[PDB]
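*Asks:* Pasting in a structure now, in structure tokens, and then I'll have a few things to ask.
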Protein chains: 2
Amino acid sequence: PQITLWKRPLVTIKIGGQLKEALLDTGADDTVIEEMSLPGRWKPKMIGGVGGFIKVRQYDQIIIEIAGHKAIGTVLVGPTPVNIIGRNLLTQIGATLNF
Amino acid sequence: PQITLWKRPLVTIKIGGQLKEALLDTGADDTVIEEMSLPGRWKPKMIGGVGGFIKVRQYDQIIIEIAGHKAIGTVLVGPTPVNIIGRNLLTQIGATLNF
Ligand SMILES: COc1ccc(S(=O)(=O)N(CC(C)C)C[C@@H](O)[C@H](Cc2ccccc2)NC(=O)O[C@H]2CO[C@H]3O[C@@H]4OCC[C@@H]4[C@H]32)cc1
Ligand SMILES: [Cl-]
Ligand SMILES: [Cl-]
Ligand SMILES: [Cl-]
Ligand SMILES: [Cl-]
Ligand SMILES: [Cl-]
Ligand SMILES: [Cl-]
Ligand code: NA
Ligand code: NA
């Protein structure tokens with residue numbers, strides 16, 4: 001698809017057997033999801049953004065389905081105000097910015 | 001252009017006769033740049049993201065060139081960690097997300 005930017009570019013994702021709404025976010029290096037359980041190992045991380053840092057759990061090798069397209073990568077879990085799909089997974093679904 | 005996301009989507013912007021680097025950010029509703037002087041009156045705004053909220057100065061109808069494309073619109077100025085071009089100006093330069 002081609003997604004215009006008049007509105008927030010929200011898509012449905014499937015992660016950890018759950019459906020969620022998430023923002024396609026080219027300004028995010030990393031994918032950050034609100035609190036949920038994920039299987040396997042994790043390690044703590046701090047991530048920054050506009051208003052300072054939050055502490056998250058970093059899970060590697062997580063499969064996600066993004067608007068129908070499967071991808072695998074690192075997912076950060078913690079108190080983000082918005083579920084964000086960052087570049088680490090946008091690349092895997094072949095997303096580009098065009099103008 | 002078509003911009004892939006393996007790297008941060010940084011472009012050159014020109015505002016007040018000055019070149020700066022900024023992130024093309026589909027996850028940002030608005031454009032936020034680091035402290036600088038802009039002409040005219042400003043209005044208060046609070047914006048929020050990953051680690052909470054910041055106060056910014058809202059300047060309307062500011063001339064800004066983005067990757068060679070001319071825009072005129074609202075620019076927020078404040079203690080953002082990075083210059084961000086949000087959807088209010090991405091729409092003015094014709095940007096879409098494609099996959
Ligand atoms: C109303 O208008 C707005 C309101 C909010 C914002 S924002 O900057 O807070 N943000 C909103 C989004 C979280 C819902 C836009 C994001 O694209 C920011 C944009 C952003 C980039 C860098 C620093 C601050 C903000 N990215 C971000 O938080 O990324 C996180 C996740 O991955 C890392 O990549 C980034 O680079 C490393 C740190 C951040 C980490 C911008 C304009
Ligand atoms: Cl919206
Ligand atoms: Cl979707
Ligand atoms: Cl990854
Ligand atoms: Cl590619
Ligand atoms: Cl980079
Ligand atoms: Cl505007
Ligand atoms: Na893992
Ligand atoms: Na003005």
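Ligands are numbered from 1 in the order shown, residues from 1 within each chain, and chains are lettered A, B, ... in the order they appear in the structure tokens.
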Using only C-alpha atoms and all ligand atoms, which residues of chain B come within 9 Å of ligand 1, and what is the closest atom pair for each, with the distance in Å to one decimal? Give it as a Markdown table, sorted by chain and residue number.
*Replies:*
```
| residue | atom | partner | partner_atom_place_in_ligand_line | distance |
| --- | --- | --- | --- | --- |
| B:8 | CA | ligand 1 | 36 (O) | 8.4 |
| B:23 | CA | ligand 1 | 21 (C) | 7.6 |
| B:24 | CA | ligand 1 | 17 (O) | 8.5 |
| B:25 | CA | ligand 1 | 17 (O) | 5.3 |
| B:26 | CA | ligand 1 | 17 (O) | 6.6 |
| B:27 | CA | ligand 1 | 17 (O) | 4.5 |
| B:28 | CA | ligand 1 | 42 (C) | 3.9 |
| B:29 | CA | ligand 1 | 2 (O) | 4.2 |
| B:30 | CA | ligand 1 | 2 (O) | 3.7 |
| B:31 | CA | ligand 1 | 42 (C) | 5.8 |
| B:32 | CA | ligand 1 | 42 (C) | 6.0 |
| B:45 | CA | ligand 1 | 1 (C) | 9.0 |
| B:46 | CA | ligand 1 | 1 (C) | 8.0 |
| B:47 | CA | ligand 1 | 4 (C) | 4.9 |
| B:48 | CA | ligand 1 | 5 (C) | 4.9 |
| B:49 | CA | ligand 1 | 9 (O) | 3.2 |
| B:50 | CA | ligand 1 | 13 (C) | 4.9 |
| B:51 | CA | ligand 1 | 9 (O) | 7.8 |
| B:52 | CA | ligand 1 | 9 (O) | 8.0 |
| B:53 | CA | ligand 1 | 9 (O) | 7.9 |
| B:76 | CA | ligand 1 | 2 (O) | 8.3 |
| B:80 | CA | ligand 1 | 24 (C) | 6.4 |
| B:81 | CA | ligand 1 | 23 (C) | 5.0 |
| B:82 | CA | ligand 1 | 23 (C) | 5.4 |
| B:83 | CA | ligand 1 | 21 (C) | 8.0 |
| B:84 | CA | ligand 1 | 19 (C) | 6.5 |
| B:85 | CA | ligand 1 | 42 (C) | 8.0 |
| B:86 | CA | ligand 1 | 42 (C) | 6.1 |
| B:87 | CA | ligand 1 | 2 (O) | 8.4 |
| B:88 | CA | ligand 1 | 2 (O) | 8.9 |
```
*Asks:* Dump N, CA, C and O atoms for the selected residues as a short mmCIF file (atom, residue, chain, number, x, y, z; two decimals), in the first residue's frame?
*Replies:*
```cif
data_model
loop_
_atom_site.label_atom_id
_atom_site.label_comp_id
_atom_site.auth_asym_id
_atom_site.auth_seq_id
_atom_site.Cartn_x
_atom_site.Cartn_y
_atom_site.Cartn_z
N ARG B 8 18.76 6.26 9.73
CA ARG B 8 17.80 7.29 10.06
C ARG B 8 17.49 8.16 8.86
O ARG B 8 18.42 8.53 8.14
N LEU B 23 15.07 14.85 11.06
CA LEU B 23 14.54 13.53 10.84
C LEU B 23 13.17 13.58 10.18
O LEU B 23 12.26 14.25 10.70
N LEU B 24 12.93 12.89 9.09
CA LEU B 24 11.60 12.77 8.53
C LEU B 24 10.83 11.76 9.37
O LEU B 24 11.18 10.56 9.34
N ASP B 25 9.84 12.18 10.09
CA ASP B 25 9.25 11.40 11.16
C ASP B 25 7.75 11.21 11.06
O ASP B 25 6.96 12.04 11.50
N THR B 26 7.35 10.05 10.52
CA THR B 26 5.95 9.76 10.35
C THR B 26 5.23 9.55 11.69
O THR B 26 3.99 9.60 11.71
N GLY B 27 5.95 9.31 12.75
CA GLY B 27 5.34 9.16 14.07
C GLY B 27 5.10 10.44 14.82
O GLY B 27 4.60 10.44 15.96
N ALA B 28 5.49 11.58 14.23
CA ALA B 28 5.34 12.89 14.81
C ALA B 28 4.18 13.64 14.15
O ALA B 28 4.19 13.84 12.95
N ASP B 29 3.22 14.06 14.96
CA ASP B 29 2.16 14.84 14.35
C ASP B 29 2.66 16.18 13.82
O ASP B 29 2.22 16.68 12.80
N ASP B 30 3.55 16.78 14.60
CA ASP B 30 4.05 18.13 14.36
C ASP B 30 5.57 18.16 14.25
O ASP B 30 6.28 17.22 14.63
N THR B 31 6.05 19.23 13.69
CA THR B 31 7.44 19.54 13.49
C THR B 31 8.02 20.24 14.70
O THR B 31 7.43 21.25 15.17
N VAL B 32 9.12 19.73 15.22
CA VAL B 32 9.71 20.25 16.46
C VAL B 32 11.21 20.45 16.21
O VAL B 32 11.88 19.48 15.81
N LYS B 45 2.37 25.39 23.68
CA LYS B 45 1.94 24.05 23.38
C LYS B 45 2.79 23.09 24.22
O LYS B 45 3.97 23.29 24.51
N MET B 46 2.17 21.99 24.58
CA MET B 46 2.81 20.86 25.21
C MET B 46 2.69 19.66 24.26
O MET B 46 1.61 19.44 23.75
N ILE B 47 3.84 18.97 24.12
CA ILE B 47 3.85 17.80 23.26
C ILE B 47 4.38 16.65 24.09
O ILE B 47 5.19 16.83 25.00
N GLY B 48 4.05 15.43 23.69
CA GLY B 48 4.49 14.32 24.50
C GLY B 48 4.93 13.15 23.71
O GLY B 48 4.50 12.84 22.62
N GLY B 49 5.87 12.41 24.30
CA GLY B 49 6.35 11.25 23.59
C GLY B 49 6.87 10.24 24.58
O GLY B 49 6.40 10.23 25.74
N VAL B 50 7.96 9.71 24.02
CA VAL B 50 8.31 8.50 24.79
C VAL B 50 8.59 8.86 26.22
O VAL B 50 8.10 8.16 27.09
N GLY B 51 9.30 9.85 26.72
CA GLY B 51 9.54 9.86 28.16
C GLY B 51 8.84 10.99 28.87
O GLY B 51 9.36 11.51 29.85
N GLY B 52 7.68 11.31 28.33
CA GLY B 52 6.82 12.34 28.89
C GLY B 52 6.73 13.55 27.97
O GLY B 52 6.95 13.46 26.76
N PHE B 53 6.40 14.67 28.55
CA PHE B 53 6.03 15.88 27.84
C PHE B 53 7.05 16.98 27.96
O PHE B 53 7.76 17.07 28.95
N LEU B 76 7.29 24.06 15.88
CA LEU B 76 7.46 24.09 17.32
C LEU B 76 8.95 24.17 17.68
O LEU B 76 9.76 23.45 17.07
N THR B 80 13.68 19.66 22.24
CA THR B 80 13.66 18.35 21.61
C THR B 80 15.06 17.81 21.46
O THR B 80 16.02 18.55 21.20
N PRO B 81 15.30 16.53 21.62
CA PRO B 81 16.67 16.01 21.42
C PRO B 81 17.20 16.02 20.01
O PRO B 81 18.41 15.90 19.83
N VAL B 82 16.30 16.08 19.06
CA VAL B 82 16.63 16.05 17.63
C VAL B 82 15.61 16.89 16.87
O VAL B 82 14.47 17.01 17.32
N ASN B 83 15.99 17.44 15.74
CA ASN B 83 15.06 18.15 14.90
C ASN B 83 14.19 17.12 14.18
O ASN B 83 14.71 16.18 13.55
N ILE B 84 12.89 17.32 14.27
CA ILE B 84 11.94 16.38 13.68
C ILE B 84 10.94 17.04 12.74
O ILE B 84 10.35 18.07 13.14
N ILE B 85 10.81 16.52 11.54
CA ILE B 85 9.84 16.98 10.59
C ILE B 85 8.65 16.04 10.71
O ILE B 85 8.76 14.86 10.40
N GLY B 86 7.53 16.58 11.20
CA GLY B 86 6.36 15.79 11.43
C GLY B 86 5.35 15.90 10.29
O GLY B 86 5.58 16.54 9.26
N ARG B 87 4.20 15.25 10.50
CA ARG B 87 3.25 15.07 9.42
C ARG B 87 2.69 16.40 8.91
O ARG B 87 2.35 16.49 7.72
N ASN B 88 2.62 17.41 9.77
CA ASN B 88 2.12 18.68 9.25
C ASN B 88 2.91 19.22 8.06
O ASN B 88 2.35 19.87 7.18
#
```
*Asks:* Could I get chain B fitted onto chain A (least squares, all C-alpha atoms, in order) as a PDB file with C-alpha atoms, in the first residue's frame?
*Replies:*
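The resulting file, out-v1.pdb, is reproduced below:
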```pdb
ATOM      1  CA  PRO B   1       0.258   0.113   0.226  1.00  0.00           C
ATOM      2  CA  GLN B   2       0.945   3.798  -0.063  1.00  0.00           C
ATOM      3  CA  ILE B   3       0.105   5.539   3.208  1.00  0.00           C
ATOM      4  CA  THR B   4      -0.460   9.278   3.309  1.00  0.00           C
ATOM      5  CA  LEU B   5       0.074  11.231   6.481  1.00  0.00           C
ATOM      6  CA  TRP B   6      -3.021  13.309   6.947  1.00  0.00           C
ATOM      7  CA  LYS B   7      -3.911  10.891   9.749  1.00  0.00           C
ATOM      8  CA  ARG B   8      -1.654   8.947  12.069  1.00  0.00           C
ATOM      9  CA  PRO B   9      -0.248   5.922  10.227  1.00  0.00           C
ATOM     10  CA  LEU B  10      -1.845   3.321  12.448  1.00  0.00           C
ATOM     11  CA  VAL B  11      -1.864  -0.325  11.435  1.00  0.00           C
ATOM     12  CA  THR B  12      -2.851  -3.589  13.005  1.00  0.00           C
ATOM     13  CA  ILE B  13      -0.066  -5.735  14.346  1.00  0.00           C
ATOM     14  CA  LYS B  14      -0.178  -9.299  15.663  1.00  0.00           C
ATOM     15  CA  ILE B  15       2.156 -10.404  18.425  1.00  0.00           C
ATOM     16  CA  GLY B  16       1.618 -13.388  20.738  1.00  0.00           C
ATOM     17  CA  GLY B  17      -1.586 -14.244  18.914  1.00  0.00           C
ATOM     18  CA  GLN B  18      -3.020 -10.852  19.843  1.00  0.00           C
ATOM     19  CA  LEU B  19      -4.036  -7.963  17.607  1.00  0.00           C
ATOM     20  CA  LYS B  20      -2.912  -4.504  18.623  1.00  0.00           C
ATOM     21  CA  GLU B  21      -2.778  -1.106  16.933  1.00  0.00           C
ATOM     22  CA  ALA B  22       0.606   0.511  16.334  1.00  0.00           C
ATOM     23  CA  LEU B  23       2.114   3.565  14.697  1.00  0.00           C
ATOM     24  CA  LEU B  24       4.454   3.177  11.713  1.00  0.00           C
ATOM     25  CA  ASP B  25       7.199   5.475  12.933  1.00  0.00           C
ATOM     26  CA  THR B  26      10.144   6.518  10.815  1.00  0.00           C
ATOM     27  CA  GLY B  27      11.461   8.639  13.698  1.00  0.00           C
ATOM     28  CA  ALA B  28      11.867   5.592  15.936  1.00  0.00           C
ATOM     29  CA  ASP B  29      15.016   3.548  15.664  1.00  0.00           C
ATOM     30  CA  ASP B  30      13.393   0.634  17.482  1.00  0.00           C
ATOM     31  CA  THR B  31      10.004  -0.918  18.045  1.00  0.00           C
ATOM     32  CA  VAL B  32       8.446  -0.231  21.451  1.00  0.00           C
ATOM     33  CA  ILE B  33       5.161  -1.671  22.692  1.00  0.00           C
ATOM     34  CA  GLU B  34       3.101  -1.299  25.790  1.00  0.00           C
ATOM     35  CA  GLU B  35       3.375  -3.798  28.622  1.00  0.00           C
ATOM     36  CA  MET B  36       2.617  -7.364  27.575  1.00  0.00           C
ATOM     37  CA  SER B  37       4.093 -10.811  28.114  1.00  0.00           C
ATOM     38  CA  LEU B  38       6.619 -12.144  25.678  1.00  0.00           C
ATOM     39  CA  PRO B  39       8.587 -15.365  25.799  1.00  0.00           C
ATOM     40  CA  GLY B  40      12.213 -15.811  26.582  1.00  0.00           C
ATOM     41  CA  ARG B  41      14.850 -13.737  28.330  1.00  0.00           C
ATOM     42  CA  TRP B  42      15.111  -9.992  28.120  1.00  0.00           C
ATOM     43  CA  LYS B  43      17.961  -7.489  28.339  1.00  0.00           C
ATOM     44  CA  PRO B  44      17.879  -3.953  29.678  1.00  0.00           C
ATOM     45  CA  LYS B  45      17.724  -0.895  27.467  1.00  0.00           C
ATOM     46  CA  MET B  46      17.036   2.790  27.914  1.00  0.00           C
ATOM     47  CA  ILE B  47      15.406   4.748  25.129  1.00  0.00           C
ATOM     48  CA  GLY B  48      14.792   8.435  24.880  1.00  0.00           C
ATOM     49  CA  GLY B  49      12.584  10.868  23.168  1.00  0.00           C
ATOM     50  CA  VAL B  50      10.732  13.918  23.483  1.00  0.00           C
ATOM     51  CA  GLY B  51      10.313  14.175  27.291  1.00  0.00           C
ATOM     52  CA  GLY B  52      13.292  12.173  28.398  1.00  0.00           C
ATOM     53  CA  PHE B  53      14.085   8.507  28.804  1.00  0.00           C
ATOM     54  CA  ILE B  54      12.337   5.322  29.837  1.00  0.00           C
ATOM     55  CA  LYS B  55      13.592   1.886  30.761  1.00  0.00           C
ATOM     56  CA  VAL B  56      12.322  -0.981  28.639  1.00  0.00           C
ATOM     57  CA  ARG B  57      12.694  -4.731  28.339  1.00  0.00           C
ATOM     58  CA  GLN B  58      14.442  -5.873  25.173  1.00  0.00           C
ATOM     59  CA  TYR B  59      13.219  -9.131  23.671  1.00  0.00           C
ATOM     60  CA  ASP B  60      15.062 -10.418  20.618  1.00  0.00           C
ATOM     61  CA  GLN B  61      13.858 -12.548  17.683  1.00  0.00           C
ATOM     62  CA  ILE B  62      10.113 -12.037  18.395  1.00  0.00           C
ATOM     63  CA  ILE B  63       7.599 -13.049  15.715  1.00  0.00           C
ATOM     64  CA  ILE B  64       5.402 -10.077  14.840  1.00  0.00           C
ATOM     65  CA  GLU B  65       3.079  -9.386  11.887  1.00  0.00           C
ATOM     66  CA  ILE B  66       2.773  -5.764  10.786  1.00  0.00           C
ATOM     67  CA  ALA B  67      -0.081  -4.766   8.454  1.00  0.00           C
ATOM     68  CA  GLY B  68      -0.067  -8.332   7.126  1.00  0.00           C
ATOM     69  CA  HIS B  69       3.710  -8.536   6.667  1.00  0.00           C
ATOM     70  CA  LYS B  70       5.727 -10.996   8.706  1.00  0.00           C
ATOM     71  CA  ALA B  71       8.752  -9.843  10.662  1.00  0.00           C
ATOM     72  CA  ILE B  72      10.997 -11.468  13.308  1.00  0.00           C
ATOM     73  CA  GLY B  73      13.100  -9.111  15.339  1.00  0.00           C
ATOM     74  CA  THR B  74      13.642  -7.094  18.447  1.00  0.00           C
ATOM     75  CA  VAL B  75      10.718  -5.759  20.417  1.00  0.00           C
ATOM     76  CA  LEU B  76      11.091  -3.390  23.349  1.00  0.00           C
ATOM     77  CA  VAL B  77       8.368  -3.561  26.032  1.00  0.00           C
ATOM     78  CA  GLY B  78       7.744  -0.724  28.453  1.00  0.00           C
ATOM     79  CA  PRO B  79       5.732   2.329  29.470  1.00  0.00           C
ATOM     80  CA  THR B  80       5.530   3.813  26.026  1.00  0.00           C
ATOM     81  CA  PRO B  81       2.393   5.918  25.517  1.00  0.00           C
ATOM     82  CA  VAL B  82       1.649   4.253  22.189  1.00  0.00           C
ATOM     83  CA  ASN B  83       2.765   1.146  20.338  1.00  0.00           C
ATOM     84  CA  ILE B  84       5.436   2.137  17.846  1.00  0.00           C
ATOM     85  CA  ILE B  85       6.891   0.212  14.924  1.00  0.00           C
ATOM     86  CA  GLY B  86      10.374   1.553  14.406  1.00  0.00           C
ATOM     87  CA  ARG B  87      12.949   1.247  11.666  1.00  0.00           C
ATOM     88  CA  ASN B  88      14.267  -2.111  12.807  1.00  0.00           C
ATOM     89  CA  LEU B  89      10.990  -3.707  11.658  1.00  0.00           C
ATOM     90  CA  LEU B  90       9.965  -1.115   9.007  1.00  0.00           C
ATOM     91  CA  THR B  91      13.036  -2.300   7.073  1.00  0.00           C
ATOM     92  CA  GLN B  92      11.869  -5.913   7.390  1.00  0.00           C
ATOM     93  CA  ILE B  93       8.500  -5.092   5.784  1.00  0.00           C
ATOM     94  CA  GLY B  94      10.155  -3.118   2.951  1.00  0.00           C
ATOM     95  CA  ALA B  95       9.000   0.327   3.959  1.00  0.00           C
ATOM     96  CA  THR B  96      10.320   3.508   2.421  1.00  0.00           C
ATOM     97  CA  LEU B  97       9.496   7.192   2.585  1.00  0.00           C
ATOM     98  CA  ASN B  98       8.687   8.763  -0.725  1.00  0.00           C
ATOM     99  CA  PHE B  99       8.115  12.322  -1.913  1.00  0.00           C
TER     100      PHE B  99
END
```
*Asks:* Run DSSP on the backbone and grab whatever in region 16-96 of chain B lands in helix (DSSP H, G or I); send it over as a PyMOL selection string.
*Replies:* chain B and resi 87-90
*Asks:* Just list as a PyMOL selection string whatever in region 29-63 of chain A DSSP marks as strand (DSSP E or B).
*Replies:* chain A and resi 32-33+43-49+52-63
